[PDB]
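Below is one structure, written out as structure tokens; comments come after it.
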Amino acid sequence: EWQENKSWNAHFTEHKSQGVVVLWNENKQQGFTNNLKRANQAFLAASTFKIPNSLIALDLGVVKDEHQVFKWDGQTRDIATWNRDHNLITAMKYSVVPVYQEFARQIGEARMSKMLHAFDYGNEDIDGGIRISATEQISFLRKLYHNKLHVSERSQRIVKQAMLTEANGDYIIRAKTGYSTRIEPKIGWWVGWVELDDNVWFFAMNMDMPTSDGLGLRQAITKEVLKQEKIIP
Amino acid sequence: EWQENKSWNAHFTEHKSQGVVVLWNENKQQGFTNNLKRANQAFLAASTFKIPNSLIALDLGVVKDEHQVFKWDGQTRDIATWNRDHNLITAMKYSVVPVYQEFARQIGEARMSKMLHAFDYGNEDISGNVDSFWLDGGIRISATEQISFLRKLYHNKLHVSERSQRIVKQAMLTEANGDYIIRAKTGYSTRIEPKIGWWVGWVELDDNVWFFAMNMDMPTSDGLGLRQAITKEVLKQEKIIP
Ligand SMILES: *C(=O)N1C[C@H](NOS(=O)(=O)O)CC[C@H]1C(N)=O
Ligand SMILES: *C(=O)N1C[C@H](NOS(=O)(=O)O)CC[C@H]1C(N)=O
Ligand SMILES: [Cl-]
Ligand SMILES: [Cl-]
Ligand SMILES: [Cl-]
């Protein structure tokens with residue numbers, strides 16, 4: 001079922017980094033990773049939690065649709081793109097914590113907890129202190145892709161639209177980045193999938209990310225693994 | 001409201017070409033074109049008809065969802081990518097005429113006509129073969145009418161389900177990066193003169209949407225890439241895309 005291909009470690013050491021990439025070939029129901037241990041370690045979800053939070057906000061009506069505006073509160077924060085109005089699409093694009101904090105307040109602790117349980121999300125059992133492994137990310141995302149989660153079809157299609165990250169004639173990537181900072185080890189996340197004409201390859205990676213300047217490596221290393229496996233040109 | 005910008009013709013003449021680009025700025029409700037007259041001239045929809053066709057097929061249940069497979073019928077056709085199975089996503093990507101001619105037959109004349117009137121689509125005339133009227137029948141639509149139709153799709157205001165509308169917009173996905181998303185559909189009218197090339201859709205920005213529609217004289221297939229290239233040259237000139 002799962003195969004460990006340590007040759008991928010080269011793409012982490014090339015950039016003097018340590019981390020994991022987990023791939024899942026949907027057609028063949030086979031998985032691949034460079035590090036079976038780290039594939040199954042649970043790290044803090046950080047921004048990748050915006051995926052279940054979006055779904056829950058939509059299904060409960062807290063977010064009416066992807067065009068609804070969420071006004072900046074006029075408090076300047078360190079990330080300039082946050083200091084403006086947003087809709088669901090822009091808020092995911094720029095990973096706008098204060099907007100998603102608001103969704104969570106309105107959702108409330110009790111319903112948030114009931115729905116993450118319906119989703120079987122994270123390792124924890126019952127980022128709001130949610131730990132989740134890369135392989136657990138894939139399993140959650142496979143449910144999203146197939147519209148199997150316990151929310152409406154509409155909520156799931158809207159979130160998949162908001163995860164749109166890249167598209168050309170060769171592939172479509174839906175995905176979400178994350179950077180976990182408040183507890184060592186500081187790590188970057190990138191989770192999602194790449195759509196091809198007649199297959200889907202799910203992915204989930206995280207990597208030690210001590211500073212901040214390395215954050216591009218999250219996509220870059222993931223793509224080197226995809227190119228090595230001829231999943232993308 | 002409407003403004004003519006003739007400077008855009010340089011992009012056509014530099015390719016020895018004639019055509020029109022129309023742009024609609026959604027926030028400001030203003031339009032821009034190099035040729036008001038040709039913007040309002042109605043042509044055969046050709047493969048741009050796959051948008052309304054997809055919507056109707058989905059709403060009527062002819063297409064269950066974007067994963068349903070339409071097996072190739074064994075008949076080897078000229079375009080190699082047509083000679084294989086498809087779903088709605090791939091069928092739109094490769095503009096797979098025979099899949100859509102099957103849709104049209106299942107839809108039938110009456111429901112196709114009724115729907116196009118509900119859509120207020122072009123001249124709403126399906127006269128001819130039900131599975132080719134958009135290629136060599138009576139249907140006619142202008143660039144400004146494509147935009148008007150696309151804007152109704154963009155706001156989920158067509159008289160079909162929201163779901164139908166969301167699935168079709170997924171299948172129109174063409175390009176996406178950190179700067180913009182293009183949802184569009186190409187066309188090439190080839191059977192009835194004047195031969196023209198189409199490209200219609202929109203550019204999603206963070207805080208605005210620019211709808212577009214261009215057609216251009218297309219004597220030969222050698223120039224088909226110009227549809228996108230001229231449109232992007234206009235978009236770059238107007239600082240819509242880098
Ligand atoms: C998510 O983990 N966060 C929100 C924001 N950007 O996340 S992303 O670029 O990795 O997608 C900043 C970092 C981080 C946070 N401050 O909690
Ligand atoms: C649509 O106008 N057509 C279908 C097919 N797609 O070419 S496209 O790249 O312009 O969409 C070939 C051209 C044309 C046709 N001959 O039916
Ligand atoms: Cl929104
Ligand atoms: Cl999409
Ligand atoms: Cl429907």
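Note on naming: chains are A, B, ... as they come in the structure tokens, residues start from 1 per chain, ligands start from 1 in the order shown.
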**OP:** For ligand 2, collect every residue having any atom at a distance of at most 6 Å from a ligand atom (counting only C-alpha atoms and all ligand atoms); output as number ranges by chain.
**Re:** B: 46-47, 95, 97, 186-190
Original post:
Would you name the residues within 8 Å of ligand 4, counting only C-alpha atoms and all ligand atoms, and put them as a ChimeraX atom specification?
Top reply: /A:160-162,164 /B:169-171,173
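Comparing B:44, B:205, B:150, B:168 by their smallest distance to residue 132 in chain B, the closest is B:44 (using only C-alpha atoms).
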**OP:** Around ligand 1, at most 12 Å away and counting only C-alpha atoms and all ligand atoms, which residues are there? Put them as number ranges by chain, please.
**Re:** A: 43-51, 77-82, 91-101, 127-130, 163, 165, 175-183, 186-191, 206-207, 209, 211-219
Original post:
DSSP on the backbone: what in range 107-188 of chain A comes out helix (DSSP H, G or I), as a ChimeraX atom specification?
Top reply: /A:107,109-118,134-145,153-162
Quick one: residues within 8 Å of ligand 5, with only C-alpha atoms and all ligand atoms, as a compact mmCIF listing (two decimals) with N, CA, C and O atoms, in the first residue's frame?
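Produced file out_39.txt, reproduced below:
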```txt
# COMPACT_ATOMS: atom_id res chain seq x y z
N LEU B 58 -26.38 19.63 -17.93
CA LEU B 58 -26.30 19.33 -16.51
C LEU B 58 -27.63 19.54 -15.83
O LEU B 58 -28.04 18.74 -14.98
N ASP B 59 -28.32 20.63 -16.16
CA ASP B 59 -29.54 20.91 -15.43
C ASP B 59 -30.59 19.85 -15.74
O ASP B 59 -31.39 19.50 -14.86
N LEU B 60 -30.58 19.31 -16.97
CA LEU B 60 -31.57 18.31 -17.34
C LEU B 60 -31.17 16.91 -16.91
O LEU B 60 -31.97 15.99 -17.05
N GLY B 61 -29.97 16.73 -16.40
CA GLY B 61 -29.54 15.43 -15.94
C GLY B 61 -28.93 14.56 -17.02
O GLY B 61 -28.62 13.39 -16.76
N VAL B 160 -31.00 28.09 -14.36
CA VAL B 160 -30.72 26.71 -14.04
C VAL B 160 -30.18 26.72 -12.61
O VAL B 160 -30.00 27.77 -12.00
N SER B 161 -29.94 25.53 -12.07
CA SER B 161 -29.48 25.43 -10.70
C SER B 161 -28.11 26.10 -10.52
O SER B 161 -27.28 26.16 -11.44
N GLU B 162 -27.87 26.55 -9.29
CA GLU B 162 -26.54 27.04 -8.92
C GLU B 162 -25.49 25.98 -9.18
O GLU B 162 -24.43 26.25 -9.76
N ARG B 163 -25.81 24.73 -8.84
CA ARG B 163 -24.88 23.64 -9.02
C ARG B 163 -24.47 23.53 -10.49
O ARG B 163 -23.28 23.48 -10.81
N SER B 164 -25.47 23.49 -11.38
CA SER B 164 -25.15 23.43 -12.81
C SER B 164 -24.19 24.53 -13.13
O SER B 164 -23.16 24.31 -13.77
```
Original post:
Can you tell me, as a ChimeraX atom specification, what residues are no more than 8 Å from residue 210 in chain B when counting only C-alpha atoms, ignoring any on the same chain fewer than 5 positions away?
Top reply: /B:23-26,202-205
Original post:
Excluding same-chain residues fewer than 4 positions from residue 106 in chain A, what lies within 12 Å of it counting only C-alpha atoms, as number ranges by chain?
Top reply: A: 53, 56-58, 60-63, 99-102, 110-112
Original post:
Once you count only C-alpha atoms, which residues of chain A turn out to be within 10 Å of chain B? Could you give them as a list in words?
Top reply: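 Result, ordered by chain then number: residues 67, 85, 86, 87, 89, 90, 91, 93, 153, 154, 157, 158, 160, 161, 164, 165, 166, 167, 168, 169, 171, 172, 173, 196, 197 and 198 of chain A.
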Original post:
Using only C-alpha atoms and all ligand atoms, which protein or nucleic acid residues are at most 6 Å from ligand 3, as a ChimeraX atom specification?
Top reply: /A:65-69,87-88
